[PDB]
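J.: Quick one: this structure, given as structure tokens, is what I'll be asking you about.
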Amino acid sequence: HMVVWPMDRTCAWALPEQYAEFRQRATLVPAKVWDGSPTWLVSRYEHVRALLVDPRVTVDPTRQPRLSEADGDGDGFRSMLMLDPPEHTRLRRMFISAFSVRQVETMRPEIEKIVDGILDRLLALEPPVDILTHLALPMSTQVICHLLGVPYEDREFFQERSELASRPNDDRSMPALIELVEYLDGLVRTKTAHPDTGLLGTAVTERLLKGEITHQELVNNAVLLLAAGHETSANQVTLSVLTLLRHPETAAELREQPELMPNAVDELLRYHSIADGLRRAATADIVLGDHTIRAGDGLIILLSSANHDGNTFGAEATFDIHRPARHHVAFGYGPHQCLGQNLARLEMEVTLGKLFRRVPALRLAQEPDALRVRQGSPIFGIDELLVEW
Ligand code: HEM
Ligand SMILES: CC[C@H]1OC(=O)/C=C/[C@H](C)[C@@H](O[C@@H]2O[C@H](C)C[C@H](N(C)C)[C@H]2O)[C@@H](C)C[C@@H](C)[C@H](O)/C=C/C=C/[C@@H]1C
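Right under this line is the structure:
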């Protein structure tokens with residue numbers, strides 16, 4: 000225990016200075032955590048990847064070192080994201096085909112129509128406008144509600160609850176988590192009696208009414224699909240508008256060459272690495288070069304630091320939309336690698352694409368060293384991003 004964890008980011012785009020020294024090392028950095036349990040931080044691309052696919056690393060919440068007084072296992076609440084193979088595998092198998100490349104590519108039309116209407120609505124407003132509230136959150140939310148069949152009318156309730164649920168060191172995360180489960184509990188009971196199409200109702204029909212999945216399991220993974228599905232993209236899109244605004248050439252080059260967008264999106268994902276500080280524990284000894292991780296040791300997986308690893312990515316702190324960037328780990332790696340990632344990328348490609356095609360002189364409406372940054376959550380972002388045109 001040298002540096003304390005959790006560490007919060009301080010800048011909308013800078014990673015913490017410490018991370019780069021962490022990578023210059025021969026060991027893993029030890030960290031002091033609320034419960035005094037042995038815990039390493041993991042900073043190198045080589046390492047992050049090795050451990051995330053290793054079979055002796057667990058997500059079991061009871062093995063993770065406790066990071067605060069409010070941090071806990073959630074009273075037996077488990078999504079697939081909190082299970083190891085083979086139980087993990089059974090649950091992810093039921094949801095996977097909805098998310099394949101070619102399957103996700105069939106939603107492009109509905110995503111385009113969706114973002115079209117948000118932009119019409121947004122451009123009707125007197126600027127300056129906030130991107131998170133008027134572009135990023137509306138699209139991620141509508142898109143996830145369409146895929147899942149969750150009512151958009153409910154979005155104020157589940158948005159605010161997801162935000163709070165995803166703060167594991169905050170008092171309010173438990174009641175919000177309880178309420179979200181309760182909301183999906185009612186929704187799944189409804190869909191059970193009246194299956195719709197859309198991912199939840201299709202799983203009622205094919206898995207739940209066929210004996211492949213229980214009621215609590217569907218409910219729990221529905222919380223996960225709902226919250227992951229909007230809160231993440233919302234922040235990635237917001238931060239990305241900032242970054243493109245911060246590098247004007249990039250906005251205009253994309254606007255003038257859309258075939259450059261997919262790699263640009265991957266570069267935005269790498270650069271910001273908004274999902275960070277993943278929690279794992281060793282279940283057996285694990286040899287990583289010089290260092291021997293011991294049965295029971297906690298691990299804090301820094302996707303961001305690995306995405307900014309100099310030994311893998313040249314000029315790591317630079318935003319560069321021409322570096323092949325497909326091999327970043329913004330969506331993790333290994334069994335739990337983001338089930339949504341093709342949907343995330345499509346959403347971004349269409350949202351950023353249409354926004355700068357339409358508001359081609361979009362400008363920052365505030366100075367980007369007065370941005371509030373989100374702290375205390377494994378999903379980074381900024382509270383607000385004001386723009387003019
Ligand atoms: C930019 C957007 C997103 C980023 C950066 C992101 C990142 C990640 C990361 C890092 C993980 C792994 C966490 C871990 O191993 O502990 C993950 C898992 C997950 N993501 Fe995402 N994600 C995004 C969007 C989405 C979207 C749109 C969906 C749609 C529902 C989604 C669904 C999931 C699911 C279900 C998992 C759990 C997979 C499993 O445990 O097998 N994600 N994501
Ligand atoms: C790293 C990004 C993932 O962040 C995540 O995986 C986000 C995980 C959030 C933290 C977890 O919330 C914490 O859960 C604990 C078990 C209890 C804890 N509180 C009550 C002490 C609660 O905050 C999850 C369970 C919140 C659910 C709303 C939810 O499924 C969130 C899933 C989000 C997925 C993101 C992909």
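Under the entry's author numbering, think of the first position of the sequence shown as 0, with each following residue one higher.
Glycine included, each C-beta is placed from N, C-alpha and C at the ideal position.
1. Is any heavy atom of ligand 1 found at a distance shorter than 8 Å from the C-beta of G71?
2. How far does the alpha helix (DSSP H) with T105 in it reach, from first residue to last?
3. Apart from the five residues just before and just after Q102, which ones in its own chain have a Cβ nearer than 7 Å to its Cβ?
4. Helix, strand or coil, according to DSSP, for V149 in the structure here?
5. I'd like to check one pair, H145 with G197: are the Cβ atoms closer than 9 Å?
6. For the alpha helix (DSSP H) containing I177, name the first residue and the last one.
7. Please classify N310 as buried or exposed, where buried requires at least 16 other C-beta atoms within 10 Å of its C-beta.
8. Rank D319, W12, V3, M1 by C-alpha distance to the C-alpha of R373 and give the top, closest one.
9. Shorter than 8 Å, the distance from the beta carbon of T231 to the closest heavy atom of ligand 1, or not?
10. Do you know offhand how far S304's Cα is from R254's?
11. From what residue to what residue does the beta strand (DSSP E) around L27 run?
12. Exposed or buried, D382, counting other C-beta atoms within 10 Å across all chains shown (16 or more means buried)?
13. For a test of the three-state rule: what should DSSP assign to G297, helix, strand or coil?
14. Helix, strand or coil for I212? Go by DSSP, reduced to three states.
15. What ranges does the beta strand (DSSP E) occupy inside the stretch 268-347, keeping only unbroken runs of at least 3 residues that lie completely in it?
16. State yes or no: is the C-beta of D83 within less than 9 Å of the C-beta of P167?
17. Check the DSSP bridge columns for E387 and list the partner residues they point to.
18. Determine the direct distance from the alpha carbon of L208 to that of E258, and round the result to whole angstroms.
19. Give every residue of the same chain whose Cβ lies closer than 7 Å to the Cβ of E315, excluding the five residues on either side of it in the sequence, and list them in chain order.
20. On a CA-only basis, which of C337, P126, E178, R344 is nearest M106? Give me that one, please.
T.: Short version:
1. No, ligand 1 has no heavy atom inside 8 Å of this Cβ.
2. Note, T105: premise wrong, no alpha helix (DSSP H); not H, not E.
3. So the qualifying residues of the chain are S96.
4. The DSSP-derived three-state label of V149 is coil.
5. Yes, the pair counts as a contact, with Cβ atoms nearer than the cut-off.
6. That run of the alpha helix (DSSP H) goes 172-192.
7. Around the CB of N310, fewer than 16 other CB atoms lie within 10 Å, so the residue is classed as exposed.
8. Nearest C-alpha to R373: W12.
9. Taking the Cβ of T231 as the reference point, at least one heavy atom of ligand 1 falls within a distance shorter than 8 Å.
10. Inter-residue distance for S304 and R254 is about 30 Å (C-alpha atoms, whole angstroms).
11. For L27, no beta strand (DSSP E) encloses it, and the DSSP letter there is neither H nor E.
12. Exposed, by the Cβ-count rule.
13. Three-state result, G297: strand.
14. Of the three classes helix, strand and coil, the one that applies to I212 here is coil, per DSSP.
15. If we require 3 residues or more, the beta strand (DSSP E) runs fully inside the stretch 268-347 come out as 277-281, 285-287, 290-292, 297-300.
16. It is not a contact, given that the beta carbons lie outside the stated cut-off.
17. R362.
18. Rounded to whole angstroms, the separation of the alpha carbons of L208 and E258 is 43 Å.
19. Cβ within range, chain order: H307, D308, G309.
20. Nearest to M106 by C-alpha distance, out of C337, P126, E178, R344, is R344.
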